[PDB]
$ cat protein_19.txt   # compact mmCIF, C-alpha atoms and all ligand atoms
# COMPACT_ATOMS: atom_id res chain seq x y z
CA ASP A 26 129.45 51.78 -114.95
CA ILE A 27 132.53 49.76 -115.92
CA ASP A 28 133.13 48.65 -119.51
CA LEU A 29 136.07 46.19 -119.65
CA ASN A 30 136.65 46.73 -123.36
CA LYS A 31 136.72 50.53 -122.90
CA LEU A 32 139.37 50.10 -120.21
CA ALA A 33 141.43 47.69 -122.34
CA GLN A 34 141.39 50.08 -125.31
CA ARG A 35 142.44 53.04 -123.16
CA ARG A 36 145.56 51.03 -122.27
CA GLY A 37 146.83 49.92 -125.67
CA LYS A 38 144.85 46.75 -126.31
CA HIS A 39 142.67 45.90 -129.28
CA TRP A 40 139.79 44.81 -127.08
CA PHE A 41 138.49 42.87 -124.17
CA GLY A 42 136.57 39.97 -125.61
CA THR A 43 134.38 36.95 -124.94
CA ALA A 44 133.19 33.78 -126.56
CA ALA A 45 129.43 33.66 -127.04
CA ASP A 46 127.52 30.43 -127.84
CA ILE A 47 125.20 32.20 -130.34
CA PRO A 48 123.03 31.05 -132.06
CA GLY A 49 123.35 27.60 -130.47
CA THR A 50 122.10 28.50 -126.98
CA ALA A 51 119.51 30.64 -125.23
CA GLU A 52 122.09 33.48 -125.03
CA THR A 53 120.82 34.32 -128.50
CA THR A 54 117.59 35.69 -127.00
CA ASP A 55 118.64 36.36 -123.41
CA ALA A 56 118.26 40.07 -123.17
CA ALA A 57 120.03 40.43 -119.84
CA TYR A 58 123.01 38.41 -121.16
CA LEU A 59 123.07 40.45 -124.35
CA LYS A 60 123.07 43.69 -122.40
CA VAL A 61 126.17 42.69 -120.39
CA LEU A 62 127.77 41.44 -123.66
CA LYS A 63 127.25 44.80 -125.38
CA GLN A 64 128.34 46.76 -122.30
CA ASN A 65 131.69 45.10 -121.73
CA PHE A 66 133.18 43.53 -124.89
CA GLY A 67 134.82 44.74 -128.10
CA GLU A 68 135.54 41.26 -129.48
CA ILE A 69 133.39 38.14 -129.72
CA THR A 70 134.55 34.62 -130.62
CA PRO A 71 131.91 32.20 -131.92
CA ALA A 72 131.94 29.36 -129.33
CA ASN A 73 130.61 26.98 -132.02
CA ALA A 74 129.03 28.63 -135.07
CA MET A 75 132.10 28.57 -137.37
CA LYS A 76 133.27 25.10 -136.50
CA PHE A 77 133.54 22.44 -139.18
CA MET A 78 130.31 20.62 -138.13
CA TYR A 79 128.32 23.91 -138.41
CA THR A 80 129.80 25.07 -141.73
CA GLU A 81 130.27 21.94 -143.90
CA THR A 82 127.82 19.26 -142.78
CA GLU A 83 128.05 17.18 -145.95
CA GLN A 84 131.03 16.92 -148.26
CA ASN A 85 131.42 20.20 -150.20
CA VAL A 86 127.97 21.34 -148.99
CA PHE A 87 128.36 24.60 -147.10
CA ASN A 88 125.76 26.21 -144.92
CA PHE A 89 127.01 29.36 -143.18
CA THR A 90 123.66 30.29 -141.61
CA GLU A 91 124.83 29.79 -138.02
CA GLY A 92 128.02 31.77 -138.57
CA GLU A 93 126.08 34.59 -140.28
CA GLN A 94 123.64 34.70 -137.41
CA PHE A 95 126.53 34.94 -134.95
CA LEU A 96 128.24 37.66 -136.99
CA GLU A 97 125.19 39.85 -137.13
CA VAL A 98 125.10 39.95 -133.28
CA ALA A 99 128.83 40.62 -133.03
CA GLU A 100 128.86 43.26 -135.78
CA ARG A 101 125.72 44.98 -134.55
CA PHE A 102 127.59 45.45 -131.27
CA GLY A 103 130.69 46.79 -133.13
CA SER A 104 132.86 43.90 -132.00
CA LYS A 105 135.81 42.43 -133.85
CA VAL A 106 135.68 38.66 -134.42
CA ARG A 107 138.30 35.98 -133.85
CA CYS A 108 137.02 33.39 -136.25
CA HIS A 109 137.38 29.92 -134.75
CA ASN A 110 138.31 27.29 -135.94
CA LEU A 111 139.27 25.45 -139.17
CA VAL A 112 141.18 22.27 -138.29
CA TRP A 113 140.61 20.45 -134.97
CA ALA A 114 140.11 16.90 -133.66
CA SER A 115 136.68 17.74 -132.20
CA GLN A 116 133.45 18.92 -133.80
CA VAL A 117 134.35 17.58 -137.30
CA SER A 118 131.42 16.57 -139.48
CA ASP A 119 130.36 13.00 -139.59
CA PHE A 120 131.23 12.68 -143.29
CA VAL A 121 134.89 13.11 -142.37
CA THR A 122 135.17 11.00 -139.22
CA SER A 123 132.87 8.26 -140.31
CA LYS A 124 134.62 7.63 -143.63
CA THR A 125 137.84 6.02 -144.44
CA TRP A 126 140.48 8.24 -146.33
CA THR A 127 143.85 8.26 -148.04
CA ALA A 128 146.22 11.14 -147.08
CA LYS A 129 145.69 12.59 -150.56
CA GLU A 130 141.90 12.55 -150.32
CA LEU A 131 141.69 13.94 -146.76
CA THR A 132 144.22 16.65 -147.64
CA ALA A 133 141.81 17.73 -150.39
CA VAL A 134 138.86 17.68 -148.00
CA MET A 135 140.84 19.89 -145.58
CA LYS A 136 141.94 22.25 -148.36
CA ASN A 137 138.41 22.64 -149.74
CA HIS A 138 137.02 23.31 -146.25
CA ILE A 139 139.63 25.99 -145.57
CA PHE A 140 139.25 27.76 -148.90
CA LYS A 141 135.44 27.86 -148.88
CA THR A 142 135.11 28.82 -145.23
CA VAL A 143 137.85 31.48 -145.17
CA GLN A 144 136.71 32.99 -148.48
CA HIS A 145 133.06 33.01 -147.42
CA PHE A 146 133.64 35.23 -144.37
CA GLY A 147 136.63 37.06 -145.78
CA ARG A 148 137.74 40.18 -143.93
CA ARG A 149 134.79 40.02 -141.52
CA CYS A 150 137.23 37.80 -139.60
CA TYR A 151 139.99 39.70 -137.74
CA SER A 152 141.81 36.42 -137.49
CA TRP A 153 141.39 32.65 -137.85
CA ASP A 154 142.35 29.92 -135.41
CA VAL A 155 143.62 27.79 -138.25
CA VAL A 156 144.73 24.71 -136.31
CA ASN A 157 143.40 24.10 -132.81
CA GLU A 158 144.98 21.86 -130.13
CA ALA A 159 147.51 19.98 -132.29
CA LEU A 160 149.99 19.11 -129.48
CA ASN A 161 150.28 16.77 -126.59
CA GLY A 162 151.82 18.08 -123.36
CA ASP A 163 155.15 16.49 -124.34
CA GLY A 164 155.23 18.48 -127.62
CA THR A 165 154.41 15.55 -129.89
CA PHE A 166 151.44 15.79 -132.25
CA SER A 167 148.13 14.86 -130.67
CA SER A 168 145.67 12.47 -132.28
CA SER A 169 143.01 13.70 -134.70
CA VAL A 170 141.37 12.48 -137.85
CA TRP A 171 143.65 14.90 -139.68
CA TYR A 172 146.94 13.90 -138.05
CA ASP A 173 146.24 10.15 -137.95
CA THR A 174 145.49 10.04 -141.69
CA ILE A 175 147.69 12.78 -143.17
CA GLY A 176 150.56 12.89 -140.73
CA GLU A 177 152.50 16.01 -139.64
CA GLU A 178 152.12 17.72 -142.99
CA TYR A 179 148.44 18.42 -142.22
CA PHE A 180 149.55 21.14 -139.81
CA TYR A 181 151.71 23.07 -142.23
CA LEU A 182 149.25 22.58 -145.11
CA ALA A 183 146.38 24.02 -143.04
CA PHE A 184 148.23 27.31 -142.67
CA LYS A 185 149.48 27.24 -146.28
CA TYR A 186 145.88 26.83 -147.55
CA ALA A 187 144.51 29.55 -145.26
CA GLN A 188 147.23 31.91 -146.46
CA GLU A 189 146.62 31.03 -150.14
CA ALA A 190 142.81 31.30 -149.81
CA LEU A 191 143.11 34.76 -148.24
CA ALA A 192 145.68 35.91 -150.85
CA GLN A 193 143.31 34.94 -153.64
CA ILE A 194 140.61 37.32 -152.37
CA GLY A 195 142.88 40.22 -151.32
CA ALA A 196 142.50 39.47 -147.63
CA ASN A 197 146.13 39.14 -146.52
CA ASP A 198 145.41 41.30 -143.44
CA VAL A 199 143.28 38.49 -141.88
CA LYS A 200 145.65 37.11 -139.25
CA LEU A 201 146.53 33.43 -138.91
CA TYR A 202 146.75 31.92 -135.42
CA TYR A 203 147.63 28.65 -133.78
CA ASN A 204 145.44 28.15 -130.67
CA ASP A 205 146.05 25.74 -127.78
CA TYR A 206 145.92 25.18 -124.01
CA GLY A 207 148.90 24.43 -121.79
CA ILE A 208 151.12 26.80 -123.73
CA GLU A 209 150.69 29.75 -121.33
CA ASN A 210 153.69 28.86 -119.10
CA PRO A 211 157.19 27.51 -119.63
CA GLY A 212 157.46 23.90 -120.60
CA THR A 213 157.73 21.35 -123.29
CA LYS A 214 154.41 22.30 -124.96
CA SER A 215 155.31 25.98 -125.26
CA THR A 216 158.73 25.11 -126.65
CA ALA A 217 157.02 22.89 -129.22
CA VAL A 218 154.81 25.82 -130.32
CA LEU A 219 157.94 27.84 -131.02
CA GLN A 220 159.32 24.94 -133.10
CA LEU A 221 156.11 24.71 -135.11
CA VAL A 222 156.36 28.44 -135.80
CA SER A 223 159.98 28.08 -136.94
CA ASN A 224 159.00 25.16 -139.19
CA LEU A 225 156.06 27.07 -140.74
CA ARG A 226 158.21 30.12 -141.47
CA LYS A 227 161.00 28.09 -143.07
CA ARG A 228 158.41 26.81 -145.49
CA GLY A 229 157.43 30.39 -146.43
CA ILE A 230 154.07 29.94 -144.62
CA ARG A 231 152.55 32.81 -142.64
CA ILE A 232 151.70 32.49 -138.99
CA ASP A 233 150.89 35.84 -137.28
CA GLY A 234 149.95 34.79 -133.77
CA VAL A 235 149.46 32.35 -131.00
CA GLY A 236 146.24 31.92 -129.01
CA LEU A 237 146.78 31.07 -125.34
CA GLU A 238 143.52 29.40 -124.23
CA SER A 239 144.14 29.97 -120.57
CA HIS A 240 141.60 27.49 -119.14
CA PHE A 241 143.01 27.74 -115.63
CA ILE A 242 142.09 26.19 -112.30
CA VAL A 243 141.47 28.32 -109.20
CA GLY A 244 144.49 28.04 -106.93
CA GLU A 245 146.59 26.36 -109.65
CA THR A 246 146.95 29.35 -112.04
CA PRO A 247 150.48 29.97 -113.39
CA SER A 248 152.16 32.98 -111.84
CA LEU A 249 152.32 36.46 -113.30
CA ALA A 250 156.05 36.02 -113.86
CA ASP A 251 155.68 32.69 -115.66
CA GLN A 252 152.74 33.87 -117.81
CA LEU A 253 154.59 37.10 -118.66
CA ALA A 254 157.81 35.28 -119.50
CA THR A 255 155.94 32.93 -121.86
CA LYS A 256 154.15 35.75 -123.65
CA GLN A 257 157.51 37.53 -124.06
CA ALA A 258 159.00 34.35 -125.57
CA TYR A 259 156.28 34.39 -128.25
CA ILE A 260 156.50 38.14 -128.84
CA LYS A 261 160.30 37.96 -129.13
CA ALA A 262 159.71 35.31 -131.82
CA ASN A 263 157.61 37.89 -133.74
CA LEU A 264 154.23 36.46 -132.79
CA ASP A 265 151.20 38.53 -131.76
CA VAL A 266 149.66 36.90 -128.67
CA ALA A 267 146.02 36.74 -127.67
CA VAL A 268 144.65 35.22 -124.48
CA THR A 269 141.80 33.43 -126.22
CA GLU A 270 139.64 31.37 -123.85
CA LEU A 271 140.34 32.64 -120.33
CA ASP A 272 138.39 31.22 -117.44
CA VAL A 273 139.39 30.11 -113.96
CA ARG A 274 137.39 27.09 -112.85
CA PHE A 275 136.93 25.59 -109.41
CA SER A 276 137.80 21.90 -109.16
CA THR A 277 135.32 21.56 -106.27
CA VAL A 278 132.52 23.47 -104.61
CA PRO A 279 132.24 25.99 -103.05
CA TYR A 280 132.52 28.49 -105.87
CA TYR A 281 131.09 31.63 -104.26
CA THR A 282 132.58 32.05 -100.76
CA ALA A 283 134.83 35.01 -99.97
CA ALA A 284 138.11 33.10 -99.98
CA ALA A 285 137.17 31.19 -103.14
CA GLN A 286 136.27 34.36 -104.96
CA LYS A 287 139.41 36.20 -103.80
CA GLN A 288 141.62 33.41 -105.11
CA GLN A 289 139.75 33.32 -108.40
CA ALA A 290 140.06 37.14 -108.62
CA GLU A 291 143.78 36.94 -108.15
CA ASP A 292 144.04 34.18 -110.79
CA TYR A 293 142.13 36.30 -113.34
CA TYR A 294 144.18 39.33 -112.30
CA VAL A 295 147.62 37.78 -112.94
CA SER A 296 146.45 36.33 -116.28
CA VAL A 297 145.21 39.72 -117.48
CA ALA A 298 148.21 41.59 -116.01
CA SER A 299 150.54 39.23 -117.91
CA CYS A 300 149.00 40.47 -121.14
CA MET A 301 149.16 44.13 -120.07
CA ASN A 302 152.78 43.85 -119.01
CA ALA A 303 153.76 42.06 -122.26
CA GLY A 304 153.08 45.24 -124.26
CA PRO A 305 151.06 45.93 -127.39
CA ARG A 306 151.77 42.61 -129.15
CA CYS A 307 149.64 40.92 -126.51
CA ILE A 308 146.69 42.23 -128.40
CA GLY A 309 143.99 41.47 -125.83
CA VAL A 310 142.19 39.06 -123.60
CA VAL A 311 139.11 36.99 -124.48
CA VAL A 312 137.25 35.01 -121.79
CA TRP A 313 135.48 31.77 -122.74
CA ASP A 314 132.07 33.21 -122.03
CA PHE A 315 131.31 35.37 -118.99
CA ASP A 316 128.17 33.86 -117.40
CA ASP A 317 128.42 30.71 -115.23
CA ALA A 318 124.98 29.57 -116.45
CA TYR A 319 126.32 29.06 -119.95
CA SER A 320 129.84 27.92 -119.16
CA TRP A 321 131.26 24.79 -120.74
CA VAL A 322 132.81 23.64 -117.44
CA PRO A 323 130.07 21.75 -115.58
CA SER A 324 129.17 19.50 -118.52
CA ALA A 325 132.88 18.75 -119.12
CA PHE A 326 133.89 17.98 -115.56
CA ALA A 327 131.42 16.77 -112.97
CA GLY A 328 131.46 18.94 -109.87
CA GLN A 329 133.59 21.73 -111.42
CA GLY A 330 132.23 25.15 -112.28
CA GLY A 331 131.89 28.79 -111.27
CA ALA A 332 134.55 29.71 -113.76
CA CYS A 333 133.20 32.96 -115.24
CA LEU A 334 133.29 36.70 -114.38
CA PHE A 335 129.52 36.81 -113.73
CA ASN A 336 127.42 34.28 -111.86
CA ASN A 337 124.10 32.65 -113.01
CA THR A 338 122.01 35.79 -112.28
CA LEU A 339 124.61 38.05 -113.99
CA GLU A 340 126.08 39.51 -110.82
CA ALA A 341 129.67 40.63 -111.36
CA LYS A 342 132.09 38.77 -109.14
CA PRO A 343 135.25 39.99 -107.46
CA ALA A 344 137.06 38.55 -110.53
CA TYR A 345 135.26 41.14 -112.76
CA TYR A 346 136.48 44.03 -110.69
CA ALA A 347 139.98 42.52 -110.48
CA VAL A 348 140.12 42.30 -114.30
CA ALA A 349 139.07 45.98 -114.44
CA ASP A 350 141.93 46.83 -112.03
CA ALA A 351 144.40 44.87 -114.14
CA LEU A 352 143.24 46.56 -117.35
CA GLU A 353 143.85 49.95 -115.70
CA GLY A 354 147.32 48.90 -114.45
CA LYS A 355 146.09 49.27 -110.84
CA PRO A 356 146.71 46.86 -107.96
CA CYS A 357 144.03 44.34 -107.34
CA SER A 358 141.43 45.92 -105.03
CA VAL A 359 139.37 42.75 -104.34
CA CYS A 360 142.00 39.98 -104.03
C1 LIG B 1 126.17 34.35 -107.62
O1 LIG B 1 125.30 33.27 -107.47
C2 LIG B 1 125.72 32.26 -106.52
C3 LIG B 1 124.83 31.04 -106.63
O2 LIG B 1 124.82 30.45 -107.91
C4 LIG B 1 125.82 32.93 -105.16
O3 LIG B 1 126.40 31.95 -104.29
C5 LIG B 1 126.01 31.89 -102.93
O4 LIG B 1 126.75 32.87 -102.24
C6 LIG B 1 126.35 32.97 -100.88
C7 LIG B 1 127.05 34.20 -100.27
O5 LIG B 1 128.43 33.95 -100.43
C8 LIG B 1 126.57 31.62 -100.16
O6 LIG B 1 125.87 31.59 -98.89
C9 LIG B 1 126.71 31.58 -97.72
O7 LIG B 1 127.08 30.25 -97.40
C10 LIG B 1 128.02 30.24 -96.30
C11 LIG B 1 128.50 28.81 -96.09
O8 LIG B 1 127.36 28.18 -95.61
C12 LIG B 1 127.24 26.76 -95.45
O9 LIG B 1 126.83 26.36 -94.18
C13 LIG B 1 125.55 25.98 -94.64
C14 LIG B 1 124.60 25.73 -93.49
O10 LIG B 1 124.99 24.51 -92.91
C15 LIG B 1 125.67 24.80 -95.64
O11 LIG B 1 124.40 24.53 -96.19
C16 LIG B 1 126.64 25.13 -96.79
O12 LIG B 1 126.87 24.06 -97.69
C17 LIG B 1 127.94 25.65 -96.21
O13 LIG B 1 128.41 24.60 -95.37
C18 LIG B 1 127.28 30.78 -95.04
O14 LIG B 1 128.16 30.79 -93.91
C19 LIG B 1 126.68 32.17 -95.28
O15 LIG B 1 125.82 32.59 -94.21
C20 LIG B 1 126.11 33.65 -93.23
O16 LIG B 1 124.89 34.22 -92.75
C21 LIG B 1 124.42 35.41 -93.37
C22 LIG B 1 122.95 35.27 -93.69
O17 LIG B 1 122.16 35.37 -92.54
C23 LIG B 1 125.24 35.79 -94.60
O18 LIG B 1 124.78 37.00 -95.16
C24 LIG B 1 126.69 35.97 -94.21
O19 LIG B 1 127.54 36.31 -95.30
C25 LIG B 1 127.20 34.70 -93.53
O20 LIG B 1 128.29 34.18 -94.26
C26 LIG B 1 125.89 32.18 -96.58
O21 LIG B 1 124.60 31.51 -96.46
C27 LIG B 1 125.99 30.43 -100.92
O22 LIG B 1 126.48 29.19 -100.38
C28 LIG B 1 126.33 30.50 -102.39
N1 LIG B 1 125.63 29.42 -103.02
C29 LIG B 1 126.22 28.30 -103.43
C30 LIG B 1 125.37 27.20 -103.98
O23 LIG B 1 127.48 28.21 -103.39
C31 LIG B 1 126.60 34.24 -105.18
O24 LIG B 1 126.39 34.99 -103.98
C32 LIG B 1 126.20 35.16 -106.35
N2 LIG B 1 127.04 36.33 -106.43
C33 LIG B 1 128.35 36.32 -106.70
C34 LIG B 1 129.00 37.67 -106.73
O25 LIG B 1 128.95 35.28 -106.99
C1 LIG B 2 121.23 25.63 -142.92
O1 LIG B 2 121.38 25.67 -141.53
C2 LIG B 2 120.38 26.47 -140.97
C3 LIG B 2 120.77 26.87 -139.56
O2 LIG B 2 120.42 25.85 -138.66
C4 LIG B 2 119.15 25.58 -140.98
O3 LIG B 2 118.08 26.26 -140.35
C5 LIG B 2 118.78 25.14 -142.40
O4 LIG B 2 118.03 23.95 -142.26
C6 LIG B 2 119.97 24.89 -143.36
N1 LIG B 2 119.64 25.32 -144.72
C7 LIG B 2 119.83 24.60 -145.83
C8 LIG B 2 119.45 25.24 -147.13
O5 LIG B 2 120.28 23.45 -145.84
$ encode --input "protein_19.txt" --output "structure tokens" --more "lines below"
Ligand SMILES: *[C@@H]1O[C@H](CO)[C@@H](O[C@@H]2O[C@H](CO)[C@@H](O[C@@H]3O[C@H](CO[C@@H]4O[C@H](CO)[C@@H](O)[C@H](O)[C@@H]4O)[C@@H](O)[C@H](O[C@@H]4O[C@H](CO)[C@@H](O)[C@H](O)[C@@H]4O)[C@@H]3O)[C@H](O)[C@H]2NC(C)=O)[C@H](O)[C@H]1NC(C)=O
Ligand SMILES: *[C@@H]1O[C@H](CO)[C@@H](O)[C@H](O)[C@H]1NC(C)=O
Amino acid sequence: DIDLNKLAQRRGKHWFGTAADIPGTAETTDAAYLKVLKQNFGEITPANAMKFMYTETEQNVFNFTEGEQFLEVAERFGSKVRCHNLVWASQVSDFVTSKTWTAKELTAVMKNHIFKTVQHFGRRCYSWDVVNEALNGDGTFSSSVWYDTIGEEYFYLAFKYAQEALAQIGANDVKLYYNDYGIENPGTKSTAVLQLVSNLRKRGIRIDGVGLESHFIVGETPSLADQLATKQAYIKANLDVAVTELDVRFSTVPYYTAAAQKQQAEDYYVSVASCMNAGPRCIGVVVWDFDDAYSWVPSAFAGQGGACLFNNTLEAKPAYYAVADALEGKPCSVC
């Protein structure tokens, strides 16, 4: 037996984690899936259950049933939870997107959502992904109902409100993260993250960490050196770093040949190793689910897939064993 989380913890990390799409999908009652989940992970992110559209479906009407169902699974397994997410362009309730708003009114909507959601779960959340995917690749703000109506201030206010809501209930230890893709290597987007952090902190607003989604493509994964350098840039700026949504997807079939799987193993390996080699402030690695049969990829991109550590019948791939090697600080044995 290998237990990825056990290995990660032996080498200074908080956990090895995964997203799980519970209670939204058949994972919820898939015993084989749940057995691998319990056996390998010390953190679980809700893939959907804490999102705006599953927490506040009508204005100021909160129903946390899905999130509570998710948390019982995670907590029963002894796993920490990266709560995800408060403010994002996608998966916002219809009452928000299908109504017209002033900046003042939508600011209040945002504030009320943050306070009620953060205070409901309280310290059961290790952290929150407060704002999700706020940047374009060029470092400008990306479009969302929030940005388009409120302007740039929405971003700073989201963190201010999360901080205030947690302070009110004595939960200052719940960490506040910004989470995005395309910020795992050097470039304009990463630089823009650092600027956002600087701007938050000048306003006396707490930001504890950055979440590096790490939705990579097999054969096009940024190098160990580049990923390590970028993590060090964040850490040197007094940010904790988590790899939050790691997967390495194939742009085309085949997904399961020897050469394909070796490349994918190497891509997972360097991504994990970059966190190991960054030291303790890279707190851990979370994959965006671990079973190809439940992966987000094929429904997002026609013909892409095979992105996860385990295949559809829950056989561990070379990438699983490569991650285990990385977590132990050992050379890749299957690359
Ligand atoms: C996880 O689950 C997936 C499925 O979801 C499994 O994926 C399968 O993995 C197999 C083993 O790697 C793949 O089969 C091999 O395919 C090779 C390429 O074959 C093709 O040529 C045929 C015939 O014209 C075409 O149909 C194909 O499209 C390709 O052009 C074969 O060369 C290979 O066959 C050889 O013969 C013996 C059997 O007598 C093999 O044992 C030997 O290894 C040798 O290579 C073989 O059939 C299969 O394609 C693949 N399925 C898909 C849809 O990709 C994984 O194995 C599971 N496990 C893991 C860890 O991922
Ligand atoms: C809350 O959501 C749960 C989870 O889907 C659902 O079953 C139920 O209809 C909702 N409860 C209330 C009181 O609106």
$ closest_residue --input "protein_19.txt" --among "A:146, A:179, A:169, A:217" --to "residue 199 of chain A" --atoms "only C-alpha atoms"
A:146
$ closest_residue --input "protein_19.txt" --among "A:274, A:240, A:226, A:76" --to "residue 117 of chain A" --atoms "only C-alpha atoms"
A:76
$ closest_residue --input "protein_19.txt" --among "A:42, A:164, A:176, A:343" --to "residue 284 of chain A" --atoms "all atoms listed in the file"
A:343
$ residues_near_ligand --input "protein_19.txt" --ligand "ligand LIG 2 (chain B)" --cutoff "12 Å" --atoms "all atoms listed in the file" --output "PDB file with C-alpha atoms, in the coordinates of the input"
ATOM      1  CA  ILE A  47     125.200  32.200-130.340  1.00  0.00           C
ATOM      2  CA  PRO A  48     123.030  31.050-132.060  1.00  0.00           C
ATOM      3  CA  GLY A  49     123.350  27.600-130.470  1.00  0.00           C
ATOM      4  CA  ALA A  74     129.030  28.630-135.070  1.00  0.00           C
ATOM      5  CA  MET A  75     132.100  28.570-137.370  1.00  0.00           C
ATOM      6  CA  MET A  78     130.310  20.620-138.130  1.00  0.00           C
ATOM      7  CA  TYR A  79     128.320  23.910-138.410  1.00  0.00           C
ATOM      8  CA  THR A  80     129.800  25.070-141.730  1.00  0.00           C
ATOM      9  CA  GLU A  81     130.270  21.940-143.900  1.00  0.00           C
ATOM     10  CA  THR A  82     127.820  19.260-142.780  1.00  0.00           C
ATOM     11  CA  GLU A  83     128.050  17.180-145.950  1.00  0.00           C
ATOM     12  CA  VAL A  86     127.970  21.340-148.990  1.00  0.00           C
ATOM     13  CA  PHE A  87     128.360  24.600-147.100  1.00  0.00           C
ATOM     14  CA  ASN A  88     125.760  26.210-144.920  1.00  0.00           C
ATOM     15  CA  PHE A  89     127.010  29.360-143.180  1.00  0.00           C
ATOM     16  CA  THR A  90     123.660  30.290-141.610  1.00  0.00           C
ATOM     17  CA  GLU A  91     124.830  29.790-138.020  1.00  0.00           C
ATOM     18  CA  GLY A  92     128.020  31.770-138.570  1.00  0.00           C
ATOM     19  CA  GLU A  93     126.080  34.590-140.280  1.00  0.00           C
ATOM     20  CA  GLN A  94     123.640  34.700-137.410  1.00  0.00           C
ATOM     21  CA  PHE A  95     126.530  34.940-134.950  1.00  0.00           C
TER      22      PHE A  95
END
$ closest_atom_pairs --input "protein_19.txt" --of "chain A" --to "ligand LIG 1 (chain B)" --cutoff "7 Å" --atoms "only C-alpha atoms and all ligand atoms" --output "tab-separated table"
residue	atom	partner	partner_atom	distance
A:279	CA	B:LIG1	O23	5.3
A:280	CA	B:LIG1	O23	5.6
A:281	CA	B:LIG1	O3	4.7
A:282	CA	B:LIG1	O5	4.6
A:283	CA	B:LIG1	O5	6.5
A:335	CA	B:LIG1	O25	6.9
A:336	CA	B:LIG1	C1	4.4
A:337	CA	B:LIG1	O2	5.6
A:338	CA	B:LIG1	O1	6.3
A:340	CA	B:LIG1	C34	5.4
A:341	CA	B:LIG1	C34	5.5
A:342	CA	B:LIG1	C34	4.1
A:343	CA	B:LIG1	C34	6.7
$ residues_near_point --input "protein_19.txt" --point "(135.5, 33.2, -149.7)" --cutoff "10 Å" --atoms "only C-alpha atoms" --output "PyMOL selection string"
chain A and resi 139-148+190-191+193-194+196
$ residues_around --input "protein_19.txt" --residues "residue 27 of chain A" --least-positions-apart "4" --cutoff "12 Å" --atoms "all atoms listed in the file" --output "ChimeraX atom specification"
/A:31-33,61,63-66,341,345-350,352-353
$ residues_near_point --input "protein_19.txt" --point "(155.2, 26.9, -119.0)" --cutoff "7 Å" --atoms "all atoms listed in the file" --output "MDAnalysis selection string"
chainID A and resid 208:212 215 251 255
$ closest_residue --input "protein_19.txt" --among "A:187, A:303, A:114, A:182" --to "residue 228 of chain A" --atoms "all atoms listed in the file"
A:182
$ closest_residue --input "protein_19.txt" --among "A:195, A:314, A:136, A:295" --to "residue 356 of chain A" --atoms "only C-alpha atoms"
A:295
$ atom_distance --input "protein_19.txt" --atom1 "atom CA of residue 39 of chain A" --atom2 "atom CA of residue 309 of chain A"
5.8 Å
$ atom_distance --input "protein_19.txt" --atom1 "atom CA of residue 72 of chain A" --atom2 "atom CA of residue 138 of chain A"
18.7 Å
$ closest_residue --input "protein_19.txt" --among "A:318, A:225, A:96, A:170" --to "residue 203 of chain A" --atoms "all atoms listed in the file"
A:225
$ residues_around --input "protein_19.txt" --residues "residue 241 of chain A" --least-positions-apart "3" --cutoff "8 Å" --atoms "only C-alpha atoms" --output "JSON, numbers by chain"
{"A": [245, 246, 271, 272, 273, 274]}
